[PDB]
Amino acid sequence: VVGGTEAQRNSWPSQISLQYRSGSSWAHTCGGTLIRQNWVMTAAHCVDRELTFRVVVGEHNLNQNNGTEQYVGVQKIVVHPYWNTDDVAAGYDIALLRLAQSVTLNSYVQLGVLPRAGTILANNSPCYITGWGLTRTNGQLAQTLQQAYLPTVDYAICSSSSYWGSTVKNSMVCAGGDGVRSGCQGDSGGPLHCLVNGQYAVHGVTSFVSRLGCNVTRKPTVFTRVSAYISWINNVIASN
Ligand SMILES: [Ca+2]
């Protein structure tokens, strides 16, 4: 997250760190949202590689013991069947991970609240992106979880020529684009939390930014629109 502030430890308890095995250690690669005690919602593109993955819940600082972490292997990966790795702009950038164990809920570990199917937010709706992604374009991952206030940019504006044009689909949510704050590599798969009727819900799964850079004016961060996939999500959990 570029232009973020450090999140309080208990603000976003559904945020997870998706990590891969790298030699004798584990490396953060993406975010995710805990949606059942044994299911995580993330981006399809985060799990294209043939890697070994684990999920960390209750995580705050990737580089130090927080006293709150639970580490769990990934047992099954269900990518949206229409996902195509060579075409992120087509959408469908969403995947569900079944965890090998059910995690224990507490102040640091909670299920993310999902929007009702079909819900579209009004332009300029208040949202926060969270994650441990790069804190600058071509920079390095955050140690501590970051948040940044990224108001939505509706489809009409986001798909206009000076924004993302045809690249953005109505199955996506755009947010930010102020040239200061943005998601960035390593935030992919994580939540966009938006305040609606007094309650934050996870409206987006972080998907992509400009090839030009993370914080680029009129290139808001783009997220898979969770509310476009509620039936798909329910169907997968029901059948697995
Ligand atoms: Ca830690």
Side-chain angles (χ1 to χ4, degrees), residues 1-4 7 11-18 30-35 39-47 79-80 83 88-97 111-115 117-133 145-159 163-164 167-178 181-197 199-210 214-216 219-233:
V1 178
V2 180
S11 283
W12 311 112
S14 63
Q15 170 85 60
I16 74 81
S17 173
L18 177 67
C30 281
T33 297
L34 189 67
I35 61 166
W39 285 98
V40 166
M41 175 177 67
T42 190
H45 87 250
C46 286
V47 292
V79 176
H80 193 288
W83 171 243
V88 193
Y92 303 109
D93 194 7
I94 188 169
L96 293 185
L97 314 180
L111 311 184
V113 177
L114 300 193
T119 297
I120 304 293
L121 302 154
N123 186 57
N124 212 41
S125 289
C127 305
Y128 280 91
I129 188 178
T130 53
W132 291 272
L145 184 64
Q146 299 287 296
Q147 67 187 49
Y149 179 69
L150 290 195
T152 63
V153 180
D154 72 22
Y155 176 76
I157 295 162
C158 194
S159 66
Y163 287 76
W164 282 103
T167 301
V168 161
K169 309 300 181 286
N170 197 53
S171 60
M172 298 164 189
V173 176
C174 301
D178 75 352
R181 301 176 267 201
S182 72
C184 201
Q185 281 77 15
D187 287 323
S188 294
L192 179 73
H193 312 269
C194 301
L195 183 65
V196 186
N197 298 134
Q199 174 194 62
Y200 276 97
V202 179
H203 284 246
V205 173
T206 305
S207 187
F208 64 88
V209 294
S210 177
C214 292
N215 53 309
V216 171
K219 294 284 180 291
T221 309
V222 185
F223 309 75
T224 302
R225 176 164 59 84
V226 175
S227 73
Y229 299 91
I230 298 301
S231 290
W232 178 79
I233 290 165

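Throughout, numbering of the chain's residues begins at 1 and tracks the sequence.
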TODO: Could you tell me which residues satisfy ring-ring contact (aromatic ring centres under 6.0 Å, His included) with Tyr163, sequence neighbours excluded, listed by chain and number?
DONE: none
Task: Interatomic spacing from NZ in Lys219 to OG in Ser182 - rounded to 0.5 Å - done: 13.5 Å
TODO: For the pair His193 and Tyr200, name the ring-plane relationship: parallel under 30°, tilted 30 to 60°, perpendicular over 60°.
DONE: perpendicular
Task: Heavy-atom pair with the smallest gap, counting every atom of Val222 and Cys174 - done: CG2-SG, 4.3 Å
Task: Sub-4.5 Å side-chain heavy-atom contact between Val209 and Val216 - done: no
- [ ] Give the minimum heavy-atom separation between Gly32 and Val40, together with the two atoms involved.
- [x] CA-CG1, 4.1 Å
TODO: In sequence, state the C-alpha distance, the side-chain angles, and the governing distance for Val205 and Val226, and then conclude on side-chain contact (heavy atoms from CB on, under 4.5 Å).
DONE: CA-CA 7 Å; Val205 173; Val226 175; 3.9 Å; yes
TODO: Nearest 0.5 Å please: distance from the CG atom of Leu96 over to the OG1 atom of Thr33.
DONE: 10.5 Å
TODO: Would you confirm whether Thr224, through its side chain, and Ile94, through its main-chain N or O, come within 3.5 Å as a donor-acceptor pair?
DONE: no
TODO: Quick one: pull up CD in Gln15 and CD in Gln146 and give me the separation to the nearest 0.5 Å.
DONE: 11.0 Å
- [ ] Keeping the roles fixed (side chain from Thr119, backbone from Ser227), state whether a donor-acceptor pair exists under 3.5 Å.
- [x] no
Task: Short side-chain to backbone donor-acceptor contact, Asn123 and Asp154, under 3.5 Å - done: yes
Task: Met172 side, atom CE; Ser207 side, atom OG - distance, nearest 0.5 Å - done: 6.0 Å
TODO: Applying side-chain hydrogen bond (donor to acceptor under 3.5 Å, both in side chains), name anything that partners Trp39, two or more places apart in sequence or on another chain.
DONE: none
Task: Nearest heavy-atom neighbours spanning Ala201 and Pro115 - done: CB-N, 4.3 Å
Task: For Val202 against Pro191, the heavy-atom pair lying closest together - done: CG1-CB, 3.7 Å
Open item on the list: Does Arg181 form a side-chain contact (heavy atoms from CB on, under 4.5 Å) with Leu150? I'd like the steps, not just the answer.
Closed with: CA-CA 7 Å; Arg181 301 176 267 201; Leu150 290 195; 3.9 Å; yes
Task: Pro220 backbone acceptor or donor facing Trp164 side chain under 3.5 Å - done: yes
- [ ] Could you tell me whether a side-chain N or O of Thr42 sits under 3.5 Å from a main-chain N or O of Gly190, the two making a donor and an acceptor?
- [x] no
TODO: Please report the shortest heavy-atom distance between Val88 and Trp83, naming the atom on each side.
DONE: CG2-CH2, 3.8 Å
Task: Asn170 side chain vs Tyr155 backbone, donor-acceptor pair below 3.5 Å - done: no
Task: Heavy-atom closest contact (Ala228 atom, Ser171 atom, distance) - done: CB-CA, 4.5 Å
Task: Distance in Å, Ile35 CD1 paired with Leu114 CG, rounded so as to fall on 0.5 Å steps - done: 5.5 Å
Task: Whether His80 and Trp232 hold their rings parallel, tilted or perpendicular, with breakpoints at 30° and 60° - done: tilted
Open item on the list: Does any part of the side chain of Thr152, heavy atoms only, come nearer than 4.5 Å to the side chain of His203, both counted from C-beta?
Closed with: no
Open item on the list: If I take atom CZ from residue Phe223 and atom OG from residue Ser188, how far apart are they, to the nearest 0.5 angstrom?
Closed with: 9.5 Å
- [ ] Go through the steps for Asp93 and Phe208 under the test side-chain contact (heavy atoms from CB on, under 4.5 Å), then give the verdict.
- [x] CA-CA 9 Å; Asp93 194 7; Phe208 64 88; 5.7 Å; no
Task: Qualifying residues under salt bridge (charged side-chain N to carboxylate O under 4.0 Å, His left out), relative to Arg225, sequence neighbours excluded - done: none
